[PDB]
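The block underneath contains the structure these notes are about, expressed in structure tokens.
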Amino acid sequence: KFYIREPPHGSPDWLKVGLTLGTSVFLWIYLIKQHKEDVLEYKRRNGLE
Amino acid sequence: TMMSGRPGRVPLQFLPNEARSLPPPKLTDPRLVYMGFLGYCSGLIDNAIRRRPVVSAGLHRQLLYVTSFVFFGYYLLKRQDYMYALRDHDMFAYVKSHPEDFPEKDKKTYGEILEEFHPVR
Amino acid sequence: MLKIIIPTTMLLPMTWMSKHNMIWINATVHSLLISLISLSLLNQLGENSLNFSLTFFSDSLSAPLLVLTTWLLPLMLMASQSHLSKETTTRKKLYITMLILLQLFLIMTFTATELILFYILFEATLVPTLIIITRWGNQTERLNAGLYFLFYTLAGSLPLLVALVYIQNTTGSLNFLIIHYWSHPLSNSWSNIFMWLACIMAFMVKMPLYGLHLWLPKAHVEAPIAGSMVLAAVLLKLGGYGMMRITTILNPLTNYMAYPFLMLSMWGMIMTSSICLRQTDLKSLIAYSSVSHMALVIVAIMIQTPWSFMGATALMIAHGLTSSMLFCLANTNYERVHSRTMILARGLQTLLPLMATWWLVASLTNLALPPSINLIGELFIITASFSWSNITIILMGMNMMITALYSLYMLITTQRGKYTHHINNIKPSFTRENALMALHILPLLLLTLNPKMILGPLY
Amino acid sequence: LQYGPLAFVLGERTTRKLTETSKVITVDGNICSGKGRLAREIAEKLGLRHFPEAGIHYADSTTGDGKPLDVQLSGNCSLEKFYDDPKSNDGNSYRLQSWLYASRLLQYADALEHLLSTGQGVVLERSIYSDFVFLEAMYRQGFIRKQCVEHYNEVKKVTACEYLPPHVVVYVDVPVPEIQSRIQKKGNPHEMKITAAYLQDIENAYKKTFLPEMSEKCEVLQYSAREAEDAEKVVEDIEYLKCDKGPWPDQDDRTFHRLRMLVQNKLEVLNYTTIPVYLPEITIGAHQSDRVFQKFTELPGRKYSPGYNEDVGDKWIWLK
Amino acid sequence: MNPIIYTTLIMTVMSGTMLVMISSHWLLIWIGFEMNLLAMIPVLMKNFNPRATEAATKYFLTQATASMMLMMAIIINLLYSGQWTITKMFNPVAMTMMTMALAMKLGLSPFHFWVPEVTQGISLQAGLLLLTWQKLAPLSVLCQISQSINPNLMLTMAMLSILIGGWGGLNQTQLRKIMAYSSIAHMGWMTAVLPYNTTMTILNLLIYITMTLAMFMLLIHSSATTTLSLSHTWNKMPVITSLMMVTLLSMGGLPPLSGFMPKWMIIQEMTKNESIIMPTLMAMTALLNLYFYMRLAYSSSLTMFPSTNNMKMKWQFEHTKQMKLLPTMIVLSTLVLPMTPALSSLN
Amino acid sequence: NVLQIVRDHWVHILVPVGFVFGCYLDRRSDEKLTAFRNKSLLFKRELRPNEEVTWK
Amino acid sequence: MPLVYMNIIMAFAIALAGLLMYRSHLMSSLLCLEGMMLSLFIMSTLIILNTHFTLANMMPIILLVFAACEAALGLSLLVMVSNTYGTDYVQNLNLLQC
Ligand SMILES: CCCCCCCCCCCCCCCCCC(=O)OC[C@H](COP(=O)([O-])OCC(O)COP(=O)([O-])OC[C@@H](COC(=O)CCCCCCCCCCCCCCCCC)OC(=O)CCCCCCCCCCCCCCCCC)OC(=O)CCCCCCCCCCCCCCCCC
Ligand SMILES: CCCCCCCCCCCCCCCCC[C@@H](O)O[C@H](CO[C@H](O)CCCCCCCCCCCCCCC)COP(=O)(O)OCC[N+](C)(C)C
Ligand SMILES: CCCCCCCCCCCC(=O)OC[C@H](COP(=O)([O-])O)OC(=O)CCCCCCCCCCC
Ligand SMILES: Nc1ncnc2c1ncn2[C@@H]1O[C@H](COP(=O)(O)OP(=O)(O)O)[C@@H](O)[C@H]1O
């Protein structure tokens, strides 16, 4: 307890932290899946594999 | 407007179905790495402006910055590659269709070509 | 070239994550390591250049300049750590970051394989230099000096950008190999004359040419020690490197458009040496000496013979090292007495013996004393100019006489005589300063031992 | 969440929050009066929050830890030095006056924020509108200059033209000889060096300018020492002041919203306290400014944001 | 003004701009312009004072005159063609009227005075919105009708805009007037490249919008409206001054910053059309913009101006309100040169 | 202790790892330019029985 | 083109010249601004009626609507200027300088 008045960010905003981490994880998963699907579609269209 | 009004162009379509036939950018594309670097710089500037520890505070915020920048950069690279490929395709089609305008030329060697010599003195 | 570029981009996080009392140590050690790594580029071929990839390539002209830049960075670090003791840690890190960015841009400039990328990088070298000058300069005139430098360089360089994009549109490529193998003669016309003017004038302003040089005394006098060291050693050589690279496509128009520039360079070399004879400021004296030497380099490039290019390259390297050493010596004496007047501090020969020895060696190398590479380059340029015409010998002889006169005048005024009676704060020379002088001078003598490493592709 | 436009459209309304007793009361008086005791008693009996006189280091009290900072980092002025050598050549008098005006402006902003976000009334031991009496006394005694007075007037205009006047102004009138007697009995040498004219000039400014000015805005209560010593009658008189001809009846929800948004932003409150008017008294050179700012950043809990100071015991920085 | 009223007026301005950008009918385009102006005027007059009232009056008069000329051009084009679709106009007189009306809306020279006057009159947020959105819409119309623009008139107005913006910004000391003259110069650049590559016009518009947003957000953060007011920011938060110095260097077109990309691409494109004198003059004239950017940078960041005494209390307090996307604007306005080939995606 | 020393002297690996990464990227850039490997008129030759490429 | 269109276009040109040349009053300039849209309305309806563009007959009504919207905006600005300065003179709108 150093501040006479409670700082606005004294405690982590757990809702915001969860939203941020979940959004990052979801975006990375979606990007990986999208790249996989794009590679497969390109292979199918150009008759490689 | 060069490529605007191209036949069969769907309005407000970021990536048409015909773009699926092109090689997608690799996840380790140097352009994607630069996009992630821009996201990291954005996170650092965020911390600096808000007067937090620049490298320590807001690791989740920095992660989201990097992820969003990489995502948008990937889709932007896809669209850029598609547009350049379409430009090259149309150019080659036009060259094929206008042989009178793009004729083959006789190739003569430098033993046959006469070039003036300018001495340096 | 990535094995040299990436270590600098890693030097940046090292500088920004090091402890407050270890920044100088880390930066100096790893800059020396990067210089040692960059020494490998001196192994050049006898037929073609070293083409690493589609973006970066190295040549017998690019290699010595890269090695000079990588070797010059730690010396700038030493001088800066000398004069920036009271700055905060963040500002010290910012200064080191500016130096690192300048070195990175210079490396990419000298290794760029395309004219437009070369233009982008050699223009990018202005921002760190301008920040350094206008932020860590001592006098009130640093702002005006930065304005002069920036606007001279940009007014020179913008028509160069227009010329480069026009050349790309006309020919299809700005790649140096393509424009060399596919070069075509430049017919005598107003359009070709103005293209030649755009390119050559940009690089002449960068040289600088006589009549386009005021920014050089302004910036060199008012910049900090590191800024002065990098401005003369490397940043002046961008013009010469560009002119050597760009004159491939400008023939045979160069045989006729070079007369005004040759006359300006010769007569202004004489004039700037004479100015050095009557200078009341030591930094101004060194700056005008730099102007004279770069005017000689301009003469060599304009006459454009295989013997002139070799002399031009050797003179560029030698002048870079000598000017850096002279600026360092002047900065040490300034730190002693907090004034740049040349006659304020005298008797330094009897107050600081080894520093007087360093002064003597630097002055001997400044004038063309054989077998130094300064003399090698100057003699090659003089012989090529003699082949060009037989009164260039008259002009070169007058310039050499005045060069010796003003060099020894500076040495005698600063060192000889009797010390100033009231100046009693001249402490013994520091180990750091003596090491800086030794690291400036020894590579010069080693290059004298092995001269073919700095004679360019024409060797 | 913090108050803002979204909260306003959600439905938080100042008029709804007000409880008909949300009044701003300022007790004023000359040097060494019973105004402090009167303000304490009024705040206690009426249930209002008491804000003591806004002296130096009030901003220190309201930020970081409650402990006041060093004089070099907060105020750079001394009331003791002003008393000992009023006509100093270093601008101490006007530096002190401007810093005290800024402190009073900050305290008034804090009190208004408290009243608007809580509905409770506030009792200030002095306000912005009574601060100029010291400036007039200093100028008429030759302690400061006309340029200093003009700068004070400019700042006062552009700053206090935005805030609502107090509901009640209670002035305690004490004659100068009694003031000097109380000062002599108190025993503090620095204020024992106060001259008679300086005490007279403050009284003249209070009676001739401040009271006539505030009477037009709203009702003003004037009490002597004996009347002020009995606070029961003062509170009874305050309670039966049903008249209100000020702007407070005219205020609406949108105006209150703007006022609350202004007062909750302290940098926006103090925006015009540092305007580029280069008076020698208050101007600080580049080197001194840089050194003092470096020291302030070197202070324990001041380098980063309040939630991000590791050395004072803040955790979870990497997830904040 | 009530927050609901403010947000609905902002949404009406954006609705008018979107109507202009999506409509295919000249009458609907004119309706969009009218709605934009009608909802924009109170936004300018939000903070009531004589300066705001005068700025709103001048802006309204200029926009009303431009809209009348635009409607006259539409009617004249209808007379000679009987067409309402927005395509290549069928009458040179109607095209001249339309071009002059749109130039007056954009503030191109010699229709520029209202831009610095209104920008100095209105607050920082109002100036930001004004510059960005009110340059966004008429340039969309011009890009649509580019194929019938008269190159001589368009390039004359563009060169006049560049010169006048450079000189005005050179003389001014007020930050809002400096920003207005910078806007005039950048509009000159964009309209100069318009009759050759609308894609390059859009690229320059995007870069200019990013840089202007970053600069105005920094000015709002520093709460400075003059040069001397900005000269005190180094003593309270030196990070803002450094970021603003970098942004100012970018706005001058110095490599390798983002501001060099629009000038570079425009010069290349205009040179492709066998035009050299115009790109050379446009490149050389920008040195005035760079000069007053550098003069502003000397005062704020590269040097340390004298401070005051209450700056200690300002140190003690903290900046509460946050302007989101400011770091993103700062990054995108300085470090997107290597990503240049994305203009094909913009195409 | 080791943990305190490493916390201060961990930056000294940055330049060496950057040099290693740069050499690796140089190798990768070289491996993309094998379009005329063992096909230049001056250096064309038959492969040895136990080698696959002339240079890497 | 008949002479009626000539006269209508001349009327619009006269109204435009009147707006661009102020004398003292902001109200007179507003009156000139209203005349321009009157001429535009007349020209548009003369063109539409002659060519029997049946669906275009609703355009002049919208033109009038936005004309009087602009008139309302100008009157609001004029009353604010009058309250500020005491007269609607355009000489008092000189606080801002180019
Ligand atoms: C990464 C290193 C740098 C590379 C740069 C390359 C280009 C990109 C730039 C990106 C910048 C991002 C951060 C921006 C905000 C920085 C704010 C700051 O002060 O930060 C201090 C901060 C540490 O101090 P602090 O106590 O935390 O800071 C608290 C206060 O902010 C302390 O501040 P204060 O309150 O004490 O105020 C003092 C200071 C406060 O002001 C500042 O410090 C300036 C802040 C803004 C700088 C510019 C931001 C970027 C703008 C675009 C740059 C374009 C560059 C290219 C163009 C040419 C050059 C312009 O003000 C002054 O000194 C005023 C006088 C000087 C004004 C004139 C010069 C201004 C800068 C102009 C040059 C800009 C380029 C260089 C930027 C370098 C930034 C670090 O330093 C950093 O965070 C540096 C970056 C550290 C990165 C660590 C990454 C992880 C570990 C290494 C991993 C490496 C890769 C490993 C791979 C795997 C291996 C196995
Ligand atoms: C760095 C400068 C700022 C960059 C930020 C720009 C932000 C743009 C806002 C929209 C981005 C996301 C859009 C995705 C959904 C919309 C996609 C679709 O609706 O638009 C497409 C078109 O929009 C763009 O293509 C997508 C945005 C492209 C932005 C690229 C910026 C490139 C700047 C160069 C530097 C690289 C910066 C890298 C970081 C952004 C197709 O519409 P279309 O009907 O066919 O185009 C009509 C235009 N005509 C008439 C001229 C033809
Ligand atoms: C998708 C479905 C999953 C669930 C829904 C998620 C909705 C969106 C996620 C919400 C993000 C969030 O709440 O936290 C944002 C954090 C930091 O929060 P804050 O404290 O700064 O407000 O971090 C940030 O501030 C984000 C920074 C990103 C800035 C914008 C980057 C733009 C990318 C493209 C640029 C070209
Ligand atoms: N604006 C000001 N300028 C100069 N001095 C001031 C100012 N405000 C308060 N002071 C000084 O602060 C002191 C506060 O004393 P005060 O609280 O009035 O005593 P008491 O509580 O006995 O009435 C006074 O001596 C007064 O001189």
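Residue numbering restarts at 1 in every chain; chains get A, B, ... in the order shown in the structure tokens, and ligands count up from 1 in that same order.
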
Which chain C residues have any atom within 12 Å of an atom of ligand 1, and for each, what is the nearest pair of atoms with distance in Å to one decimal, counting only C-alpha atoms and all ligand atoms, rows sorted by chain and number, as a tab-separated table?
```
residue	atom	partner	partner_atom_place_in_ligand_line	distance
C:6	CA	ligand 1	95 (C)	10.4
C:7	CA	ligand 1	95 (C)	10.7
C:8	CA	ligand 1	4 (C)	10.2
C:9	CA	ligand 1	4 (C)	7.6
C:10	CA	ligand 1	94 (C)	6.4
C:11	CA	ligand 1	2 (C)	8.4
C:12	CA	ligand 1	2 (C)	4.8
C:13	CA	ligand 1	2 (C)	4.5
C:14	CA	ligand 1	92 (C)	7.0
C:15	CA	ligand 1	2 (C)	7.4
C:16	CA	ligand 1	84 (C)	4.9
C:17	CA	ligand 1	86 (C)	6.3
C:18	CA	ligand 1	23 (C)	9.8
C:19	CA	ligand 1	23 (C)	10.5
C:20	CA	ligand 1	24 (O)	10.5
C:87	CA	ligand 1	63 (O)	9.7
C:88	CA	ligand 1	36 (O)	7.9
C:89	CA	ligand 1	36 (O)	8.2
C:90	CA	ligand 1	38 (C)	5.8
C:91	CA	ligand 1	63 (O)	4.7
C:92	CA	ligand 1	63 (O)	8.5
C:93	CA	ligand 1	80 (C)	8.1
C:94	CA	ligand 1	78 (C)	6.5
C:95	CA	ligand 1	69 (C)	8.3
C:96	CA	ligand 1	76 (C)	9.8
C:97	CA	ligand 1	76 (C)	6.3
C:98	CA	ligand 1	73 (C)	6.8
C:99	CA	ligand 1	59 (C)	10.3
C:100	CA	ligand 1	4 (C)	9.3
C:101	CA	ligand 1	59 (C)	7.0
C:102	CA	ligand 1	58 (C)	8.5
C:103	CA	ligand 1	58 (C)	11.7
C:104	CA	ligand 1	58 (C)	10.5
C:105	CA	ligand 1	58 (C)	9.1
C:120	CA	ligand 1	57 (C)	11.6
C:121	CA	ligand 1	58 (C)	10.3
C:122	CA	ligand 1	58 (C)	11.9
C:123	CA	ligand 1	58 (C)	10.4
C:124	CA	ligand 1	58 (C)	6.8
C:125	CA	ligand 1	58 (C)	8.1
C:126	CA	ligand 1	58 (C)	8.6
C:127	CA	ligand 1	58 (C)	5.7
C:128	CA	ligand 1	59 (C)	5.6
C:129	CA	ligand 1	59 (C)	9.3
C:130	CA	ligand 1	60 (C)	9.7
C:131	CA	ligand 1	68 (C)	6.5
C:132	CA	ligand 1	69 (C)	8.4
C:133	CA	ligand 1	68 (C)	10.8
C:134	CA	ligand 1	68 (C)	9.3
C:135	CA	ligand 1	68 (C)	6.9
C:136	CA	ligand 1	66 (C)	9.2
```

So which residues are near ligand 3, meaning at most 9 Å away with only C-alpha atoms and all ligand atoms counted, given back as a PyMOL selection string? (chain A and resi 13+15-27) or (chain B and resi 35+39+42-43+46+58+60-73) or (chain D and resi 320) or (chain E and resi 324-325+327-328+332)

Produce a file of the selected residues containing N, CA, C and O atoms, as a compact mmCIF listing (two decimals), in the first residue's frame.
```
# COMPACT_ATOMS: atom_id res chain seq x y z
N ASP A 13 -7.14 -6.38 -14.86
CA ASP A 13 -8.51 -6.55 -15.34
C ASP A 13 -8.58 -7.93 -15.98
O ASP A 13 -8.24 -8.12 -17.15
N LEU A 15 -11.01 -9.85 -16.89
CA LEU A 15 -11.87 -9.99 -18.06
C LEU A 15 -11.15 -9.54 -19.33
O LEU A 15 -11.18 -10.23 -20.35
N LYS A 16 -10.47 -8.39 -19.27
CA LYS A 16 -9.73 -7.91 -20.43
C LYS A 16 -8.57 -8.84 -20.77
O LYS A 16 -8.29 -9.09 -21.95
N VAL A 17 -7.87 -9.36 -19.75
CA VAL A 17 -6.76 -10.27 -20.01
C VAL A 17 -7.26 -11.54 -20.69
O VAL A 17 -6.66 -12.02 -21.66
N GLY A 18 -8.36 -12.10 -20.19
CA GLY A 18 -8.93 -13.28 -20.82
C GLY A 18 -9.39 -13.02 -22.24
O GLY A 18 -9.14 -13.83 -23.14
N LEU A 19 -10.05 -11.88 -22.47
CA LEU A 19 -10.47 -11.53 -23.82
C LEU A 19 -9.28 -11.41 -24.76
O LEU A 19 -9.31 -11.94 -25.88
N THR A 20 -8.22 -10.75 -24.31
CA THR A 20 -7.04 -10.55 -25.15
C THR A 20 -6.37 -11.87 -25.49
O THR A 20 -6.07 -12.15 -26.66
N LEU A 21 -6.12 -12.70 -24.47
CA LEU A 21 -5.46 -13.98 -24.72
C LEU A 21 -6.31 -14.89 -25.59
O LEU A 21 -5.80 -15.53 -26.52
N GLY A 22 -7.62 -14.95 -25.33
CA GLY A 22 -8.49 -15.77 -26.15
C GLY A 22 -8.54 -15.30 -27.59
O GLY A 22 -8.54 -16.11 -28.51
N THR A 23 -8.58 -13.98 -27.79
CA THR A 23 -8.59 -13.45 -29.15
C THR A 23 -7.30 -13.78 -29.88
O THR A 23 -7.33 -14.17 -31.05
N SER A 24 -6.16 -13.65 -29.20
CA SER A 24 -4.88 -13.99 -29.83
C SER A 24 -4.84 -15.47 -30.22
O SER A 24 -4.44 -15.82 -31.34
N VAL A 25 -5.26 -16.35 -29.30
CA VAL A 25 -5.23 -17.78 -29.58
C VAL A 25 -6.17 -18.12 -30.73
O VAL A 25 -5.81 -18.88 -31.64
N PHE A 26 -7.38 -17.56 -30.71
CA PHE A 26 -8.34 -17.82 -31.78
C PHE A 26 -7.82 -17.34 -33.12
O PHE A 26 -7.95 -18.05 -34.13
N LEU A 27 -7.22 -16.15 -33.16
CA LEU A 27 -6.70 -15.63 -34.42
C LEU A 27 -5.56 -16.50 -34.95
O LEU A 27 -5.49 -16.77 -36.15
N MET B 35 5.54 -7.47 -40.77
CA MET B 35 4.25 -7.09 -40.19
C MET B 35 4.22 -7.37 -38.69
O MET B 35 3.73 -6.54 -37.91
N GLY B 39 3.78 -4.80 -35.53
CA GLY B 39 2.91 -5.00 -34.38
C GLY B 39 3.65 -4.88 -33.06
O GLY B 39 3.14 -4.29 -32.10
N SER B 42 4.27 -1.32 -32.40
CA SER B 42 3.03 -0.69 -31.95
C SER B 42 2.79 -0.96 -30.47
O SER B 42 2.40 -0.06 -29.72
N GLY B 43 3.03 -2.20 -30.03
CA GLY B 43 2.89 -2.50 -28.61
C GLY B 43 3.87 -1.74 -27.75
O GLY B 43 3.52 -1.23 -26.67
N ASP B 46 2.73 1.78 -27.53
CA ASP B 46 1.60 1.82 -26.61
C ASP B 46 2.08 1.90 -25.16
O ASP B 46 1.64 2.76 -24.39
N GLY B 58 2.14 -5.41 -20.11
CA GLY B 58 1.19 -5.71 -21.16
C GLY B 58 1.63 -6.75 -22.16
O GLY B 58 1.55 -6.52 -23.37
N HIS B 60 0.15 -9.57 -22.83
CA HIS B 60 -1.03 -9.94 -23.59
C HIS B 60 -1.35 -8.91 -24.67
O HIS B 60 -1.71 -9.26 -25.80
N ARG B 61 -1.21 -7.62 -24.33
CA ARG B 61 -1.46 -6.57 -25.30
C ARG B 61 -0.48 -6.64 -26.46
O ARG B 61 -0.87 -6.50 -27.63
N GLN B 62 0.80 -6.87 -26.16
CA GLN B 62 1.79 -7.01 -27.23
C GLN B 62 1.49 -8.23 -28.10
O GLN B 62 1.63 -8.17 -29.33
N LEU B 63 1.09 -9.34 -27.47
CA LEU B 63 0.75 -10.53 -28.23
C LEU B 63 -0.42 -10.27 -29.17
O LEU B 63 -0.40 -10.70 -30.33
N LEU B 64 -1.45 -9.57 -28.69
CA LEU B 64 -2.59 -9.28 -29.55
C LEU B 64 -2.22 -8.33 -30.67
O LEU B 64 -2.69 -8.49 -31.81
N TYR B 65 -1.37 -7.34 -30.39
CA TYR B 65 -0.88 -6.46 -31.44
C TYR B 65 -0.19 -7.26 -32.54
O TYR B 65 -0.51 -7.12 -33.73
N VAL B 66 0.75 -8.13 -32.15
CA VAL B 66 1.49 -8.91 -33.13
C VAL B 66 0.56 -9.82 -33.92
O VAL B 66 0.66 -9.92 -35.14
N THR B 67 -0.37 -10.48 -33.23
CA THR B 67 -1.26 -11.41 -33.91
C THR B 67 -2.17 -10.70 -34.91
O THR B 67 -2.35 -11.18 -36.03
N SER B 68 -2.74 -9.56 -34.52
CA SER B 68 -3.60 -8.82 -35.43
C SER B 68 -2.82 -8.33 -36.64
O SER B 68 -3.30 -8.42 -37.78
N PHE B 69 -1.61 -7.80 -36.42
CA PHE B 69 -0.81 -7.32 -37.54
C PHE B 69 -0.46 -8.47 -38.48
O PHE B 69 -0.52 -8.31 -39.70
N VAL B 70 -0.11 -9.63 -37.93
CA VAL B 70 0.23 -10.78 -38.78
C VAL B 70 -0.98 -11.23 -39.58
O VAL B 70 -0.87 -11.55 -40.77
N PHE B 71 -2.16 -11.27 -38.95
CA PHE B 71 -3.37 -11.70 -39.63
C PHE B 71 -3.69 -10.79 -40.82
O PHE B 71 -3.84 -11.25 -41.97
N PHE B 72 -3.76 -9.48 -40.56
CA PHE B 72 -4.07 -8.55 -41.64
C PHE B 72 -2.97 -8.53 -42.69
O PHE B 72 -3.26 -8.40 -43.88
N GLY B 73 -1.71 -8.68 -42.28
CA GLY B 73 -0.63 -8.73 -43.25
C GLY B 73 -0.72 -9.94 -44.15
O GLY B 73 -0.44 -9.86 -45.34
N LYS D 320 -0.86 -6.63 -17.03
CA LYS D 320 -1.64 -5.47 -16.63
C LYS D 320 -1.81 -4.49 -17.78
O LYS D 320 -0.97 -3.61 -17.99
N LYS E 324 -7.17 5.71 -28.38
CA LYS E 324 -6.79 4.42 -28.94
C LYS E 324 -6.43 4.57 -30.41
O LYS E 324 -6.86 5.50 -31.09
N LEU E 325 -5.60 3.64 -30.89
CA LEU E 325 -5.06 3.55 -32.24
C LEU E 325 -3.97 4.58 -32.49
O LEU E 325 -3.44 4.62 -33.60
N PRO E 327 -0.80 4.61 -31.16
CA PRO E 327 0.44 3.88 -31.50
C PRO E 327 0.40 3.27 -32.89
O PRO E 327 1.42 3.27 -33.59
N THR E 328 -0.76 2.75 -33.30
CA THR E 328 -0.88 2.19 -34.64
C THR E 328 -0.69 3.26 -35.71
O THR E 328 -0.03 3.02 -36.72
N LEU E 332 2.26 3.18 -38.46
CA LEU E 332 1.91 3.15 -39.88
C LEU E 332 2.36 4.40 -40.62
O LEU E 332 2.49 4.36 -41.85
```

Counting only C-alpha atoms and all ligand atoms, what are the residues, protein, DNA or RNA alike, that approach ligand 2 to within 6 Å? I want them as a list in words. residues 4, 11, 12, 13 and 14 of chain B; 206, 207, 210, 332, 336, 339, 340, 342, 343, 345 and 346 of chain E

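Using only C-alpha atoms, the shortest contact distance between chain G and any of E:190, E:141, E:129, E:180 is found at E:180.
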
Check every residue of chain E for an atom within 6 Å of chain C, counting only C-alpha atoms, and provide those that qualify as a count of residues only. 4

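Using only C-alpha atoms and all ligand atoms as the basis for the distance check, residues found within 6 Å of ligand 4 are residues 31, 32, 33, 34, 35, 36, 97, 100, 131 and 134 of chain D.
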
Select from region 189-307 of chain D everything DSSP, run on the backbone, classes as strand (DSSP E), then give the selection as a ChimeraX atom specification. /D:220-223
